[PDB]
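S.K.:
Protein chains: 2
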Amino acid sequence: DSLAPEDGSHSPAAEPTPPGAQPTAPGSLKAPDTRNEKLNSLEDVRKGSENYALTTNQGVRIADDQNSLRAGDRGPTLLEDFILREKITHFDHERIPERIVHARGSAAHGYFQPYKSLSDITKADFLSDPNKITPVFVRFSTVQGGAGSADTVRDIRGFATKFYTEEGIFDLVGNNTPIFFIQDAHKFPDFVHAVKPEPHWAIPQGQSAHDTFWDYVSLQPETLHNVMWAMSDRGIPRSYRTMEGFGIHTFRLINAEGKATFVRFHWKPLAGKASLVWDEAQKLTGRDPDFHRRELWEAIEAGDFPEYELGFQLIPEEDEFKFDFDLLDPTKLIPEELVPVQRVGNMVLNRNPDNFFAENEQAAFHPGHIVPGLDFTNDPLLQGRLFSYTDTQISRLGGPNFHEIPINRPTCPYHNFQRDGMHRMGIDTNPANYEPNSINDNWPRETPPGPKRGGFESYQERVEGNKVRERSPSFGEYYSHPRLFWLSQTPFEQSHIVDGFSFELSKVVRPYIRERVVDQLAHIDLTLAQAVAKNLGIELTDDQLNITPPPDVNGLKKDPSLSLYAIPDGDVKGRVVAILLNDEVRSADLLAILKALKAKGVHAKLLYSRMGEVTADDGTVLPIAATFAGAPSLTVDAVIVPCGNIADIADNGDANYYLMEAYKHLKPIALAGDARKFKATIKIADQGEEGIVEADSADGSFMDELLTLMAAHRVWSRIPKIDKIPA
Amino acid sequence: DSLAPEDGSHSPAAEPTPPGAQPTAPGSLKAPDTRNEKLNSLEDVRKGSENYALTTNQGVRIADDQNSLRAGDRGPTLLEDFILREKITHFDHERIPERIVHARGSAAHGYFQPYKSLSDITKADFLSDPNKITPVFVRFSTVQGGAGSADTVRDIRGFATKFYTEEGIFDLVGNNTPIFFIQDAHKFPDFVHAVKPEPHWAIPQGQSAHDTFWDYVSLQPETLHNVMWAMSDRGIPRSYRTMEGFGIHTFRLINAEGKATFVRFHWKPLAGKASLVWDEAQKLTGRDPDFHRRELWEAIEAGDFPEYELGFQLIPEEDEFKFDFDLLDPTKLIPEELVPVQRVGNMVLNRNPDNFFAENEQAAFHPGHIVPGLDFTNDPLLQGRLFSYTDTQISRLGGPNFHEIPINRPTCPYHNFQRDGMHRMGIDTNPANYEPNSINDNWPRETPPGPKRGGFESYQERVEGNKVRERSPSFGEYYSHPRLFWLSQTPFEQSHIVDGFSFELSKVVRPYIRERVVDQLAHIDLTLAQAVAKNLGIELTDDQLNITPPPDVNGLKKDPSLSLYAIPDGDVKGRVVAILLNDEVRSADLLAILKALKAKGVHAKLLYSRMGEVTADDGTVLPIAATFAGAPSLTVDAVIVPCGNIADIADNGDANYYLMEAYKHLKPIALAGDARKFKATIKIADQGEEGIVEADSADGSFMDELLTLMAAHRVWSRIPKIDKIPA
Ligand code: HDD
Ligand code: HDD
């Protein structure tokens, strides 16, 4: 009855292994000894399988799971086949509505721990002691596309963290840029409808490159700041591990003395900031639409845990009006040059889920889920968010008991007088379902606010004004933050912004929309506007050329913290290199290559023209991970070609193209021995060039140079060379 | 208050226009003069917009749709803002569950007309009169991926037609291959779970290239026939217009005399059969994941209506047991050499929907929706389908009144005693909600069966047997039909099948699964098995090399109707050519090109290195449709390069790569004058070669030669030359 192979090769090892070395697996089978309070609390609903009988949902053992019940073995199926009907009924109802936005997302378990007690600024229990370990569940996402859309689209990314604290669930529901597109939540359906596939034909998926999006942008200049970020390489991250996170809104921290401090939340990636380039990102949506989901899961299985440092920008209440912009305007960022990010703790993602649907798809995050020690502000985008995230779950998760779905359950106590609702799990024994009551001595009871374990009380902010549907005049400035962002980018980052706008606007069919957007760009920076205009065949008018640029932000000419690359921070651990094999590899080269990569935590994939094995010059049998076409250069950070029988691959079109694609995408390339003959396909002269490592053999210096290139992510100096490369 | 441009360039012309000439639009605005009975019946629910006030859903005019109501213009949002809450509530609940399978689909309205009355074989009213026009709504789909997944995946395609007949809705719910993967509906959740993204991590989207799919296949040889089709180029159609359709199951036709005839349904595409090649299809999921949806919509907007001829394979009842296979086995096809397809009528798709969600997403097709004159058989896959398609709508469409959703409503009368349910639209006035009743004189009343307008009565098939969960032994043959399919393919189609298996199995991480699948291939054809094994580094054993091939199918060693290309059926109308411009095009070349393409109904897209315009040698201003990168060769059927200032583009990497990609993908290429210098980038010698049209100018037979190549779809003779091309 055993269908597994006798050698046990069906089962992945329950130990950390590099990407591709083992089949991936549910987290509790891959890493059974990785534990936290939330993961342990899910044990009551985890279901095994080994050595159990196959049954109906009612516990009846099934004898024949291959056939329907029929009148004769060639006869009609009988209505009395309850086993068939139960199985098909469950199948028929598997799908639930996807999230209205951020439907495409990938999630993992982990933990957060503060660096020190923050009691002087907040009474939030999870920040009260460096010994406080708080389990987290984090979901990263795109915004526009459906749950089945591609990972490496150009889009904003979501970054949502559920903190299972001892005083309640706190959800920090943020994005990978520090501002949003719009100012008031009332416009959210308009903006989302504009960016989403257009309603007649439901095109395009996962793209803002269409008329309705740019129509809205051209008519709503408040959007321009976040549009700038989306058109930059920020819109195409290399990995969820290599992007920043931001809460966007100004919130409040409330301490035990009742003092409010304004705060904006930041996540700083330990792996550094790194993004793809557009042609690579777009092609990768075809070669591997699951690239980010896969890379996150495989990093965790390898022990390359994503880590993010939590940071606070803190502004005293008395400083509310000390900036050129309104702190409550979510289209404005707070420059780190003006208000530094103070690091307060670290989050580590160290276990994948067991079941994607049960844990990821059904997870409900909501920024109104705060705890004592935190509070809101009047940011009019945040204010409306507070309504949406509870409301939407009534259809998405089937009713008001969504907190009883296991992933959503608090790990701390919860007791109240709420009852019933669809799929009610908790069986209340309280004689009372109301308060005040005497029949249960008024339990469960209210708790006054206090320094710890106290009830929630809102900060008593003064409100004065008339009931109005009116935007604050302080919000009516749209160009200075886009300009600060533009001026803070490197020259190659600016080029990529220009190319982003140019590519997207080329896909807008109505030319006047393109012209209106270019006019908006002329209010931000005329170099940007002229460069985009040239790519669109648009000529700026003399009036447009005379638009006065917007003022600096509180005296800032630039803020390098807004650039992905101006200040180096990259780390190579967890990156991956393609090694292009031949049928008689120089084993000495491969030994030195793999040894150096291992010392730095860099993974490798051995590629060839077919699957199976090749044998090196010394008899070493080399297992092949993928073909050149099966694992394209898009999926790796650098390419190494060792020596050997180079004639075997010298005329292989896929092998030559592998290097040309990597070259065009600015990736480091290293060539040993006779592999240097491949310089011809990338038009590199005999004297070489920066970004192409070459030597007689692979060695320590050879690998040191390559790993130095990898630490810099891409070879930006190659950009002037790639336009003549046919790739 | 007008935001539209004064020149009116926001509004697409309400007349047929070629792809890209105008913005696309809702069908009733693009083609207001196109009508049918179903389209007319939807007018009661169509909603306009021009010249109307913006309101709440309760009809209250909105004054300020830009702001929430707050206490002061910098204050908190008020709970009494019912306008905000209604708008956000509707947004928060927009999504409904996607279809369990076939979630990704594209749909259009049209009509069907039979060629002559079929009353000798069926009393079905829609087939009773050549003047009887039946409106249709057709949805084409993939199978595996979500609603946001890509079009040009390797997968089976769905082809579902809703016929709004005078005697009820008939849904013909078929696929683009003539068999299914499994024999008994009880296994459907198993097969679908195996092909769908794996449950731990929800990878991969839109792909069968993963362990669990091939695990199931290797353990269920009944799947091998449809697997063969999926691995062939059938799995990657060029367009929904260029694929076949099949009902798969044997059904019955019932005539007025009560005689039953077995029938299998077929759709023959007027545009012929045409598919992509794998590398092109995969890259196209990245460059345009909406390619098939877009092509269908734009063909209809151009007046190039998709057309399909309905055909029947007809088998007398007394011939049930005269074949080598069981007629009720849905893993077996009926070879057209044994039972020809008899043409029945024509279907034309001539109008796009107005709202994708309302009409496409909410449409419910179900093969149990038959009409008098049709009936089922005991095919055990069909039998279980009959349960599923009603059941699934209870969650997907919110309850049992899904037939009241406008797209689903019959156009003929419907009256019964059913009442209530969620979203009940119909307000019944019958004093009775039961029968028999006297209080309404028993109306609505049963109708006896008869030759026309009679009640439904099942064919009184004899049933004899014990109640068993047992597969018919006649179904227990798995290899002859895969072999017949294999032997019917051209040599290049066979190579593409080999490459499909090889690519997919290379993505299976557990090697023993690959080995088990190769063993199954050895039971089908040893040449196929050896070629796949070689690409996987697997050596067949002596026992595998000695497996006796399966028998022929009723004496057939081939049936050319199973090949896409063995018998040419290509038509060029609706195809598209890229024209690569330069900054001083030879206008005489372009005149001849566009004239010849227009005469054959072939579209063109003028491409350059930027948007805007270029000016030809004679001063003609040429509008640019897209950049080389913006509209890659993947999206066209052929490439033409006119003469002019060729030096302007000769060193353009994108322009050179455009030709190399098209060359690798076997597309016709035509080069005029100095454009012949591009032969160097595709390694074509001065002598030229078949598939590369060249001449001093585009006059003479230049365009005839190119259009002849296009009629043959791809340049199969070029295959030996593509492996050296780095593209
Ligand atoms: C008033 C409506 C509204 C507005 C203005 C916003 N959102 Fe939102 N957001 C939703 C309404 C919403 C929602 C419809 O409630 C979602 C979709 C499904 C869900 O559970 O919540 C959601 C989902 C959602 C997710 C995915 C959570 C997950 O992984 O499940 C993230 C990361 C964000 N949002 C982040 C933001 C950010 C950073 C915003 C700007 C500051 C923002 N949202 C504005
Ligand atoms: C017992 C389960 C079952 C089985 C054996 C099949 N299907 Fe099915 N099919 C469904 C259960 C189902 C479903 C779950 O009921 C769907 C999904 C959502 C829906 O409305 O119907 C569906 C959808 C669906 C669609 C999409 C309709 C649309 O566009 O909305 C097509 C074309 C098919 N199927 C075709 C087939 C074919 C050709 C089959 C094999 C002969 C087949 N199905 C077997």
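The listed protein sequences derive, respectively, from chains C and B. In short: position in the first sequence from 1, add 26, done, that's the entry's author numbering. In short: position in the second sequence from 1, add 26, done, that's the entry's author numbering. Note that CB positions come from ideal geometry on N, CA and C, so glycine has one too.
#1: Quick check: what's the CA-CA separation for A235 (chain B) versus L562 (chain B)?
#2: Find the nearest neighbour of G480 (chain C) within the set C:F189, C:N281, C:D27, judged by alpha-carbon distance.
#3: Between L110 (chain C) and chain B, is there a C-beta pair that is closer than 9 angstroms?
#4: Name, please, each residue of chain B whose Cβ falls closer than 7 angstroms to the Cβ of residue 19 (chain C).
#5: Can you list, in chain order, the residues of its chain with a C-beta nearer than 8 angstroms to that of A657 (chain C)? Leave out the 5 residues immediately preceding and following it.
#6: For the beta strand (DSSP E) containing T191 (chain C), name the first residue and the last one.
#7: Would you please state the rounded distance, in angstroms, between the beta carbons of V370 (chain C) and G337 (chain C)? I believe it to be under 8 angstroms.
#8: Hey, out of B:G670, B:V665, B:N427, B:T168, whose CA is closest to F185 (chain B)'s CA?
#9: Among C:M736, C:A134, C:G424, C:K690, whose alpha-carbon lies nearest the alpha-carbon of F189 (chain C)?
#10: Please state the DSSP three-state secondary structure of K64 (chain C).
#11: By alpha-carbon positions, which one of B:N93, B:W323, B:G312 ends up nearest to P379 (chain B)?
#12: So is the beta-carbon of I126 (chain B) under 8 angstroms away from any non-hydrogen atom of ligand 2?
#13: I want to verify the contact list: residues of chain C whose CB lies under 8 angstroms from the CB of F214 (chain B), in sequence order.
#14: Quick one: is the Cβ of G184 (chain C) within less than 8 angstroms of any heavy atom of ligand 1?
#15: Kindly list, in the order they appear in chain C, the residues whose Cβ is closer than 7 angstroms to that of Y683 (chain B).
#16: Give me the DSSP bridge partner(s) of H629 (chain C).
#17: What is the C-beta distance between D210 (chain B) and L407 (chain B), in whole angstroms, given that I count them as a contact (C-beta under 8 angstroms)?
#18: Take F728 (chain C) and list the residues in its own chain whose beta-carbon comes closer than 7 angstroms to its own, dropping the five residues that flank it on each side.
#19: Measuring only the C-alpha atoms, how far is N466 (chain C) from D107 (chain C)?
#20: Using a Cβ-Cβ cut-off of less than 7 angstroms, list which residues of the region 415 to 428 of chain C approach chain B; keep chain order.
#21: What residues in the region 165 to 185 of chain C bring their beta carbon closer than 8 angstroms to a beta carbon of chain B?
#22: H212 (chain B) by DSSP, collapsed to three states: which one?
#23: Which first and last residues belong to the beta strand (DSSP E) in which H292 (chain C) is found?
#24: Check whether the Cβ of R471 (chain C) lies closer than 8 angstroms to any heavy atom of ligand 2, and answer yes or no.
#25: Starting from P379 (chain B) and walking both ways along the beta strand (DSSP E), at which residues does that stretch end?
#26: If you count every other CB in all the chains shown that lies within 10 Å of the CB of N83 (chain C), and 16 or more means buried, which is it?
#27: Would you list the residues sitting across from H135 (chain C) in a DSSP beta bridge?
#28: Compile a chain-ordered list of the residues in the region 94 to 110 of chain B whose CB is closer than 7 angstroms to at least one CB of chain C.
#29: Could you tell me which uninterrupted beta strand (DSSP E) segments, each at least 3 residues in length, are contained entirely in the region 657 to 708 of chain B, listed from first to last along the chain?
#30: Please work out which residues of its chain come closer than 6 angstroms, Cβ to Cβ, to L513 (chain C), disregarding the five sequence neighbours upstream and downstream, and give them in chain order.
#31: In three-state terms, what does DSSP make of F272 (chain B)?
#32: Check the DSSP bridge columns for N201 (chain B) and list the partner residues they point to.
#33: When the cut-off is 9 angstroms and only beta carbons count, does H36 (chain B) lie next to chain C?
#34: Can you find a C-beta in chain C that's less than 9 angstroms from the C-beta of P42 (chain B)?
#35: Within a Cβ cutoff of 8 angstroms, which residues of the same chain sit near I745 (chain C), ignoring the five residues on either side of it in sequence?
#36: Flag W323 (chain C) as yes if its beta-carbon sits less than 9 angstroms from any beta-carbon of chain B, otherwise no.
M.R.: Reading it off the structure:
#1: 14 angstroms
#2: C:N281
#3: yes
#4: Residue 19 (chain C) lies beyond the range of chain C shown here (27 to 753); nothing can be said about it.
#5: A604, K631, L633, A651
#6: 184 to 191
#7: 6 angstroms
#8: B:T168
#9: C:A134
#10: helix
#11: B:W323
#12: yes
#13: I114, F117
#14: yes
#15: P752, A753
#16: C:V602
#17: 6 angstroms
#18: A696, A698, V719, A721
#19: 49 angstroms
#20: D417, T418, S421
#21: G171, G172, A173, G174, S175, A176
#22: helix
#23: 286 to 295
#24: no
#25: Per DSSP, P379 (chain B) belongs to no beta strand (DSSP E) and is neither H nor E.
#26: exposed
#27: C:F163, C:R377
#28: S94, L95, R96, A97, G98, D99, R100, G101, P102, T103, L104, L110
#29: 664 to 667, 695 to 698
#30: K584
#31: strand
#32: B:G184, B:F272
#33: yes
#34: no
#35: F518, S521, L692
#36: yes
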